[PDB]
Each structure stands twice: as C-alpha cells, then as structure tokens.
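Please read the structure below before turning to the comments.
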Amino acid sequence: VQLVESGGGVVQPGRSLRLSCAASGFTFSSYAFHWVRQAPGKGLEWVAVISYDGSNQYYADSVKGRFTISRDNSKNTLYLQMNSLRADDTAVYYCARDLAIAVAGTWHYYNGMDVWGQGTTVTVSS
Amino acid sequence: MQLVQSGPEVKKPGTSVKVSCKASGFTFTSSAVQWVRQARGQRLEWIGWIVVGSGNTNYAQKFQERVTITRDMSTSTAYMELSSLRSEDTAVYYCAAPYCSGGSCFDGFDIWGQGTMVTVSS
Amino acid sequence: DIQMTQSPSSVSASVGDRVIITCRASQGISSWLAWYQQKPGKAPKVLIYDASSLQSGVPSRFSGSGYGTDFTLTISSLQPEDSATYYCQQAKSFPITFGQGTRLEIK
Amino acid sequence: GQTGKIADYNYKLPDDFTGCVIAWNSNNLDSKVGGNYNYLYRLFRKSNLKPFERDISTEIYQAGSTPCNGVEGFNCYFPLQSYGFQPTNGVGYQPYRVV
Amino acid sequence: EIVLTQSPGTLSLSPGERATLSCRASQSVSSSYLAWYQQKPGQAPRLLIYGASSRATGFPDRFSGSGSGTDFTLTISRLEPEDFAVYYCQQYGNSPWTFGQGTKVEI
C-alpha cells in the first residue's frame, strides 16, 4: 500500500485549494476515506470524511459549511476543496483509510485508522 | 416447484438493471439464490451466490463493483441491481433455488426460472 | 459532543518500568476505542483496535482493556523505541474528537 | 411459540410458560451507528429446538447431502448474520432489549 | 482455475451411441462437488448427475458415469433421441463456482 498527498501552499489567504490524495496497493472502491489534520505542534484533529460510495460526507463543527470532499474511482484518487481560508488554518493534513472488520460476512466501518500517508503541510499568512 | 421471473425490461444504457424473481412450492427461508449469465451462441457464466437467510455473497472477476444485492425477504423474494451498463449487457439472467424443506436437502439446482430478455439499446 | 481525557500528562520510564495510560470518556462508548502510537515526527500508527484486541504486527507488550467510561493501555516493558505519544479515538457518533495525548520519557 | 426466527431458531418459549417479559428500547447505551460486532442472527437449524435449552454450539450449516470438511463455498452456508442496525432507523428497526 | 477445454467436440452418430465425455480440471477437486447441467435450446437447463457419485430423484435413465479429479469421465448407454442438447460441466467447493465450456451434439 502507498498513500500519496499533494496540494501544499506557501500562502493561501482566503483562496481556493484543491488537495489531492491517491490510494494505491489496495482497493480504492471497497473502502471509505478520512481527512485527518494536525496542528503545527498540537494534537490530532479530523475535518472531513467520505463514505465508500461517496453518498455520506461529514465534517467538523467549524469545518462543515465551508470545506468539501470528493472522490473518484476512475483515477482511484480523491480530492479536498478548501475555501474560506483564515489566518488560523495552518495545519498538516493527512489522507487516511478506515478499518473494515469482517464479522459473520458483514463489513463494519468507521472504527479506526490503519494506513496513514506522508501528509501535506498547508499554511497561511497575512 | 414454481419459480417465476419478472417480465423483460427495456432500460437506458448505463443506469441500472434489476430483475424480480419469486418462488412458490417450497420453503424459501432455508435455501440459496444464484444468478446466471447466458447469451445466444455463448457459454454460461456464474455471477454470484446469495443466501437469503444470512447476508453473504461473493463476486467473480467481473462483478466486484457496480453490483449490490437486496434481501427483499417479504413475499419470498430477493433482488440484485447492476449499475454502469456496457454494450455487451444483453443476456438472460435467470434465477434458481434448491428444493429444501427440513434442514437438509438436495445438493444440485433443480428448480429453474424462465429468465428475461433485456436488450441494452436506446 | 463527546469529550475524553487521557492521563497522565508526561512521565519518565525506561527499560523495565511498567506504565499505565488511562482514557476517560464523558459518555459510555463501550468497547469502541483505538489506541495509537504517534511518533513526534511521524504519522500515528494503530496499536489497539476494538479497545481490547491487538492489531496484527503490534508487539505483544502493549495491552489494552476497558469499557464504557474507563480504558487502560498498559506497557510492562518500555524498550528505548517507544519514545512517542499515545492517543485514543472515540467513534460512537459524529463528530470525532481527540484528546491531549501522553508522552513518555527515558530514565 | 408463534412463527418467525424467534422461538424457532432463537430462544424457544415453552408450552404453558409462566412468567413475565419486559421489553424496552435501547437506542443508546451500547448501540451505536453501523453494524456492531456482536448481536448476530442465530438461524439455519436442522431442528425446531426445544424449550429452555440454550444452543451455544456453532457449526457450518448443511445445505446438501455431502457435508464439507471446513471449506466455505458451495452449500455450507453460514448460520449467522450480524444485525445491520443503527440508532437512526425508524420505529420497527431500533434495537430492543427483552428480559 | 479455468483450463477445462473438455475433450469431446461435436458428435454425430445414429441412436446406439457408446461414446463417452470427459471434464478436465486444473487441480484435483474433491468428489461429491461436481455437476453436469443439461441445457436445452430455447429452454431452461436441467440437472442429471450431482457430485459424480449418485443420481437425482426422477430423471431419464440409461446413462451414468463418474471420474477422478483430474479427469471426470461419464458414459452414455443409448440415451433417448430427444436428449440431444448441450452439456455444461460445473465445479463446486471453491469460489467462484465456475461452469464448464460446453459440448455440442448432432443426431
């Protein structure tokens, strides 16, 4: 498996960003994905999720209504749309996979994190 | 002993296909459901197997994506829907279920359907 | 919203020292927790799934046990390679909120 | 008795049973979103079960004359299935605890 | 997994045939998990032998054959002329439950 991310920026003051993370080495269509951020020196936070079929997308309280997520199985790659950028949006965003646990032939999702990519540090200034 | 299939349907090339199969004359609670692919001047391809009692199914090298099943336990039924139709999707799906009553039954597939005639066109 | 606290803050232990990390959740999240080990400059790696099970590839030294309000990650032996941080994760319902994190030092 | 999976493959109510039953909704308190690991079906029984007995023995169900030796595939169907519930269903799908 | 390529092709003999058919397998498949469906032109297929060890309850007689895992043989002893149709081998046990290529016959 190999998770690769791109879409960094020296400065993005209130601009539009299109981050892209690709999944290779495992089935992209059989799993859901998460976008999990990390502040420059603080703990771990989650901003966006995408379902296996793309129907269900959920965000944080301060993230919903301004950011967007999407995916594409043709390229096996998924995208994050970043709009309404402030000066406190500097973080290190990662693109990760859920855990699908098989019990009695049924796959349970949204239980934990298994594979993490290198990640991309997105910063803003004045 | 009597298995019936829905009438042939004309759909759009790439939306979805869903065929209704109903059974009567034997217990549907403890049985199995499978699906077939046949065409004129063509060989037989087994699509997948559906267990109505417990949700469990597996796909061949072609049906991993764009296919999902639905229990439809009411009225002794079970559905499968296909998405992203291609040009070579004109085939008779058919459907069958073994004659089982008691807990143990026959191994082979005896009761068969009549199939449909879905021609993927305009 | 669900708020969870991870204790302690920062302690030092090395070689043959047993350490305990407590994870207290505001609500009763049953056996729905995952324990991670995030290096200071590397992406977090999962050590405990289902809050009681051990993810394949993780050494047997790390142990996890708990339910509802309280969870515990216990390490009997701290070999000088676990110098990282440990995080919980609650996933009963959206949204996902994480704790502060616990750091281990070498004596 | 009645019909259905209850009292046929699940726990069976004895004839002339004496005692009370109390049922209550369990939307929360160990019932979260998605399919939980536990709380799975108990089906595919060759018999109709007996009163007051508990079936703990799990085995691959037999759907043919020849029984398999531990390989999953044709016939040999799983007698269990997890409950695909969630706390966001309607009125007839919420988890309910019965004592 | 699919290298069957059944040996017989198109047979054209008068009633009184004593020929035999064979189903090939890539690897040795355990017995009691084989099938030979009898497909018909414009009609739903039937089943005659299951597992190459017995017969169904009620079906036409005068033909019964069995073979090994590598080569499953079957013989016919003067079958009725109306039973001149396509035969489809089928293996069970290991998914996918692929069928056979098929064989053609002539009067």
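To keep things simple, chains are lettered A, B, C, D and E as they appear, and every chain counts its residues starting from 1.
Criterion: contacts are C-beta pairs under 8 Å (C-beta built on N, C-alpha and C of every residue); 3 or more make two chains touch, one makes a residue touch a chain.
Undergrad: So which chains are sitting against chain A and chain B at once?
TA: Common contact partners of chain A and chain B, which must touch each of the two, are D.
Undergrad: Comparing the two chain pairs, does B-D have more C-beta contacts than D-E, or is it the other way round?
TA: When the contacts at D-E and B-D are counted, B-D has more.
Undergrad: Please work out the Cα centroid separation of chain B and chain E, and write it as a whole number of Å.
TA: 23
Undergrad: On a C-alpha centroid basis, what's the spacing between chain C and chain E, in Å?
TA: It comes to 60 Å between the two C-alpha centres.
Undergrad: Measuring from the mean C-alpha position of chain B to the mean C-alpha position of chain C, what distance in angstrom results?
TA: The separation of the two C-alpha centroids amounts to 47 Å.
Undergrad: Could you check chain D for residues that touch two or more other chains and list them?
TA: Only 33, 37, 41, 65-66, 74-75, 78, 80-81, 84 qualify.
Undergrad: Which positions in chain E touch two or more other chains at once?
TA: Counting only residues that touch two or more other chains, chain E contributes 32, 51, 95, 97.
Undergrad: If a residue has to touch 2 or more other chains to count, which residues of chain B qualify?
TA: Touching at least two other chains: 49, 54-56, 106-107.
Undergrad: Chain pairs in touch?
TA: A-B, A-C, A-D, B-D, B-E, C-D, D-E
Undergrad: Where on chain D is chain C touching in the complex?
TA: Checking each residue of chain D against chain C gives 29-30, 32-33, 37, 87.
Undergrad: Where on chain B is chain E touching in the complex?
TA: 34, 43-46, 49, 58-61, 94, 106-110, 112-115
Undergrad: Contact residues on chain D for chain A in the complex?
TA: Chain D reaches chain A through residues 33-37, 40-41, 78, 80-82, 84.
Undergrad: For the complex, which residues does chain A have touching chain B?
TA: 27, 29-30, 73, 104-106
Undergrad: Quick check on the complex: what are the chain C residues that touch chain A?
TA: Spelled out, the residues of chain C in touch with chain A are 1, 32, 34, 36, 38, 43-46, 49-50, 55, 87, 89, 91, 94-96, 98-101.
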